[PDB]
Every structure is written in structure tokens, then in C-alpha cells.
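Look below for two forms of one protein chain, each set out as C-alpha cells: first structure 1, then structure 2.
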Structure 1
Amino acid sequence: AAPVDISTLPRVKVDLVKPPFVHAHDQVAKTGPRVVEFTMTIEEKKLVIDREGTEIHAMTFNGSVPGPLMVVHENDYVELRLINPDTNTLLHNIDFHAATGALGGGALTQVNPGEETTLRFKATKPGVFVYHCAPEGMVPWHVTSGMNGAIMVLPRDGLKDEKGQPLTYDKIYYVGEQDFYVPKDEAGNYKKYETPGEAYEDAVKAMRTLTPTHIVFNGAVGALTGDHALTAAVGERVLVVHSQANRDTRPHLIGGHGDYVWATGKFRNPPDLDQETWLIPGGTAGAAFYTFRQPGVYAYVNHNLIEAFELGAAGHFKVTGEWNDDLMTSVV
């Protein structure tokens, strides 16, 4: 019942990085609980979301869609300084699904242009969680404008398999999947707007159709392909955190599997094994662990193939290494 003295906890500052990459961290905690300090600056900005040059007024956390992945360990405290520069035009806030109370922090972080605030919450549950803006009355508009990301709360002793044995990854990637509803004019062409506010009415209309115009990884069609394809080597253990703050998705690694998967992303639950495809409910973050055994190109996709190959929810993995004819081979 007595208060816990948090001033005694050591503090560590984190420098966030743009997705799909993840800031420096340790899987197995090397210290006891800490107050981990993060700072994110909200940025309203125009963003090209497809190959035809379609542009929208994106609402971002730190300039990217999705926002950066934050990483802490179970029972650490997350302290976020949220800044809303006066160059922005809208009210924003933040809802951490990893947090307990005040609408995930949303009721304590409402900031208008020119204001800032610092939120602190205890990361009491291990897993990957979604975080997103949630201004009362305009929630889906902000979220579907790209204002969402994720946070991973690692067990202090790292990841474990269904038998309680260590699962250690060599690389980690964060794939934020985004459903966009770009308004179209009477002619069927995407509309343009001077300011975010000007598009509200049309945006609401576009959203209520429940039919996305685009569904992409890392903010745009092909964002995770070509020179920006994810990479790995045969033998490498890779963890892919995947989030969707507003709509269901079903990740799948073409040519591979999800050896160990936490579809709804909570680590106190044993992972599902050998998944071909897994369902991540809208408003959830999930994580899949895989060890590559074949070199070459792999397609990482939302397995509703239309959403993947037509709407944009598809990325690539370029894997190096020696081919395994035992696992698979063309018979002459």
C-alpha cells in the first residue's frame, strides 16, 4: 500500500531509430529494473505512399510510419517525453497498450501544437504491444494516418520456447502494417488537400467503407523491397515484430515459416510452432521467430494475396548462404 520510491532507480536514455530497424538493446537484461527514457516528436507531414506518387497528410511519431519500436524489459518503467511542435496543426496524444490506466496514457498525454508532456508507466506485462494516437472523436483518423507504432517488453531473461528454453535472435526487424483510406473524387482520382483538417469529412467517408485503398509495410508500397529489402543469412535466427493498430492481418514468409510465433504477442504464453501463416488482430502486435535454412529471395506478406500483391502489404528478404538440396531441389 505504501508508495514505491522511483527516484532510486537508475536511468538510461534511448536513441530511437527508424523502422524496420530497432534501437540498441540486450535480450537478457544486464541490469535490474530501470527507468528507460524516450523522447518522440510528433510530425505532421506529406508522405508518398505508392509508386504512382499518391500523397497523404501523414501524422507521425518521430517522422516515420510506423513510429519507431521502443524496447524495454519487464518491470522497467517507460518514461516518454512527447513533444508536439508549434509547426503542427492538430491535437495529439499517445495510447500504450502495454500500459495500465488513463486509457493507456491517452488521458494524460493530450498535447496541442507548442506543448509537450512526459508520461511514465510501469511495463508490468511482457510482450510486443501497439501504441497509437487516440484523440477523442478523431481516433481512427489519426491511427489510419500512420500515427501508430509498437513497444516490446522483453522478459528479463529473454525469449523462451514452449519448453522454457532460450530463443535468441541474431537480428530483429519491426514491420508496421498500415491500412490507408485515401479519398477519391467523383472521377475516381485520389484527392489532394492543403491541410490535414481540410480532408476530415472525406477521410471519415473513406474510412466508413471499411475498404482500404492501400495496405503497406513501413509506410508505402515497396518500402521493404529492392535496396530496402530485409536481409539475413542461412543459419541466422530472426525475430520479426509485426503490428496492425486498426485492422486484422495474416503474416506469412513465402518459402519459410514462423518457427515460434506469438500471434497475439504476449510472452507469458508459449509460442505456437511451425506456423505457415498467423493472424494478428487489428489493434495487436505479434512476433515471429525463424531460422533461415535456404538462401535466396523470400516474400514476407499479409496472406490475403490481394491485400499483399495489389494493395501493397508485401516485403522482401534477401538471404545469403549455401543452397540445401536435401530440404528442396528440382529433379532433372
Structure 2
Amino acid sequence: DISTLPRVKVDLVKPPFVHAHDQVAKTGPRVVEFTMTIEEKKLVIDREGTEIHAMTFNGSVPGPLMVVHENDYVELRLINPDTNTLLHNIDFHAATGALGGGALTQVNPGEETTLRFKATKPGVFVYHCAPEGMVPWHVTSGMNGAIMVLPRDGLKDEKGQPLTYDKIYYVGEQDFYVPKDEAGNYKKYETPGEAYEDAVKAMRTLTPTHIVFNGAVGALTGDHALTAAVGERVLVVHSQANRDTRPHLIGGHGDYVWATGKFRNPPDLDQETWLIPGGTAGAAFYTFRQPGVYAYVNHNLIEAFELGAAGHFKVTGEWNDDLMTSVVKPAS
């Protein structure tokens, strides 16, 4: 009887940060209560000042990472305020039935709904909006995120030994398809209905105009760079709701990688680059061994360095000259 289970309310945080949770379950199964509010808003996505009408869960692209344990129940209250103009819903790849919840969560502006589902499979999973007849538009406008369902005894390596992370970050990679005129400049629109056929035409090229981490070119750089220290074990969760991506930590590795994100499978070891299929979330564990700046990129380098799919880690600590050294510094 689900009514006899403990309930716990989670307060979500903005990516790339992740709400507090326990890796190993410290309670029995619980109903884990989340609330998200849909926000349609203008977002500046690049250095040129290109501004799109984003569709978001909780004001961010991506939506927040939700974290539960296997065989918990996830209960989501989804709010569509009357300040929005569109119908939205939510589909969880973690859930079973009703198009992942999409069939049960259609909310017009001024409506709310509450969905409960049992998290029966451990892994990281995409969630996204999926309104009938409009699915790729919503998803490619930013309306996606991920949920992590941890095994009750936490993560394990290929030999079944515990893998415990010290820090976790969530990188949502978003492909935008900003409509272009024939000269190649981005077009702007006065209503969603007036933008829609042009959105569809831009999507049908299959060529994103921008591919960004955390919602904008340069979002995970500067004062918003990811951080770690030498010796820290970091889990990076990475999702892409629509298009394949190939994450790579420049100067590092994926020590243990679940490229398709499902923790019942043994991880791949020592990866340089891993492929996360469109519509999947993956997770990579790394222990930093050197200080300095790392670039975390989609290793289609055009996507990384021309279209925006790159962020930085700033790592503190001691340099290890055994692992790498300049023997002769650049000279004539």
C-alpha cells in the first residue's frame, strides 16, 4: 500500500548542480515528491545576442536533474501557469506506460496535474515534453531534462565493487534549430503559431544552428565553470533528448562510463570519448589526477567550438610531473 510509505519532498536546484541525495539508500522505498513549473521565456543563447523563445521546466535549459532510488515512487506535480501560452506535458523515459506519462499529464495554461510512477529500472533517463503533434518543437525549444534512478546500494564497477562519487554535475546538451532566412540570418517571430512552420522547416534540415550546454554558448565557463580538486571522484550526467552526442573531457577520461546510462550494465572503462544516443542520458565517472583547466566538449569539434557544445572544469591541486611534463618548453 503506497499510502503507508514515507513521503519526502525534494527541492530541485538549477543545473549543472544537483539536489542533495544519498548514493546508498538510507531508507526503504519512498514516495519522492517533486514540483516543476513550466516557464516559457526569452533566452539569449549565443554571444551575438540571438534570442529564442525557450520552453522550460523550472526556468532552466535543461530542466533539473531529479534523483531517486530504484523502486521509489516518483510523484510529480506539474504546473502550467496562466502566463504561458502553450499546452505542455511530461514524458519520463524512466516510467512504464501511458507514453511515459505524457498521455496523463497534458496541462493547458492555468492547469496542474500530478503523476506518480514507480522507478523500476536504475539508470539516468531523459524526460521531456511531448505534446501530440508538436513533440520535436517543444523538445528542441529546451523542454527536457533527466532523472537519475540510483541502485539502492549505489553505483558499482565492472567487478561489483562500490563506486562512490564526491561531486555530481548534470550537463544537458541542447540542439537548437533557429530559423534562418535565405541570406542565413536568424528570423524572429511575434507569436508561437506564426513561428511554427518556420520551426518545422528549420528542424527538417537536421542541422542545428546551436548546440549548447546548460542553455547557452559559454554557460559552463568563467565564473560558471565546473569545479573539482585533484583526487575528487566526479560523476557527470549528460543528456541529449534529440540528437547523438559524444562527450570528451579534454585532458581526462571517463574512468567508468555508462554511455547509455543504465546501471545494471557494467560500465565501459578508460573511455576517451563515448557516444550518448539522442533520447538518452549517460553518466561518466572520473577521478581527477591533475590540476588546471579541462574542457568538457562534444567531440564533434565543430559542434564544440563553432556551435557551442563546450564547457570548462577548473581543477585545484598539485601538478604530477610523472604523469605529464614539458621536457623542453617551446623554443627556437
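For numbering, take structure 1's sequence and count from 1. Shifts are known only where both forms have a C-alpha. Think of the rigid core as the biggest set of C-alphas that the two forms share within 1.5 Å after superposition.
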Tell me, which of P113, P166, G197, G235 is the one whose C-alpha shifts by at least 2 Å between the two structures, with the rigid core superposed?
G197
Look at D185 and decide if its Cα position differs by 2 Å or more between the two structures after superposing on the rigid core.
yes
Let me know the CA shift of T213 between the two structures in Å, rounded to one decimal, core fitted.
0.3
Send over the list of consecutive residue runs, 3+ long, where the C-alpha shift is 2 angstroms or more at every position between the two structures on a core fit.
185 to 188, 194 to 198
